[PDB]
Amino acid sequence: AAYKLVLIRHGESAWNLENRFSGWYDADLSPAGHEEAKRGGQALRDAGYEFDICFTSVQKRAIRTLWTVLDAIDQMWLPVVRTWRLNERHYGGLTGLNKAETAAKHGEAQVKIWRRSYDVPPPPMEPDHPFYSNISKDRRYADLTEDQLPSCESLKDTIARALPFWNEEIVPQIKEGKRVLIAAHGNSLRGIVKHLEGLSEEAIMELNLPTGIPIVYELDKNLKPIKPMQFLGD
């Protein structure tokens, strides 16, 4: 086809292992997550993939995944663009809580409702939240407007601030013929996949992208996929 696009979700984070809601908390890769990013890199290398430009979030689990991939494929020299707009979903008050704490405080019913809903957000991260200053006052978000910096996000909110970056900064590069690598997060990548395949809310909430595995799209000139997404590996 005309174009080729590659996506990868960051490998396992240290809070993926603790089973805690990271969201905008900047958790690093776990050692296993680093190995995942490395195997994804080796997969892209064995298949001879070349890129011209890379996009990622401002979160180090995604960034380190990109670094590990670029290292594996000997393309550390590529231009890299970072944006908060490819960040993980902001999980508001749930940030920092594990499964048990979440259920204990909100109940199994409320947790299932949040879990299965597309447009209902978790509660907001309030100023007394233990990660409030760590996230909301981080200087990497200093240039965001009052409206842009979320206290919480539904999957809808997430996709809503992710697709403008896709349309305005990524799409033109692709149509310029640049071969794009996007290393990011499950939910921000869900936005892109939903747009690409024209999926429904139910369908996208059913899609679970695996950590650290390359996802290949073959696109026509209008960025319509000519076939289903493909995973790279062994």
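Sequential numbering from 1, following the sequence displayed. Take the two forms, superpose them, and find the largest set of C-alpha atoms that agree within 1.5 Å; that set is the rigid core.
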item: Stretch farther from the shown model on average in 9 other deposited structures of this protein, with CA RMS computed after core superposition (34-42, 205-213); value: 205-213
item: Larger mean CA deviation from the shown form in 9 other deposited structures of this protein [core fit; 217-225 vs 18-26]; value: 18-26
item: Comparing 44-52 with 201-209, the one whose average Cα B-factor in the PDB entry is higher; value: 201-209
item: Given 93-101 and 108-116, the range whose Cα B-factors average higher in the PDB entry; value: 108-116
item: Within-chain third of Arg161 by Cα B-factor, per the entry; value: middle
item: Chain third (lowest, middle, highest) by recorded CA B-factor, residue given as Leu149; value: highest
item: For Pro79, the third of its chain into which the C-alpha B factor falls; value: lowest
item: CA B-factor placement of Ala142, once the chain's modelled residues are sorted into thirds; value: highest
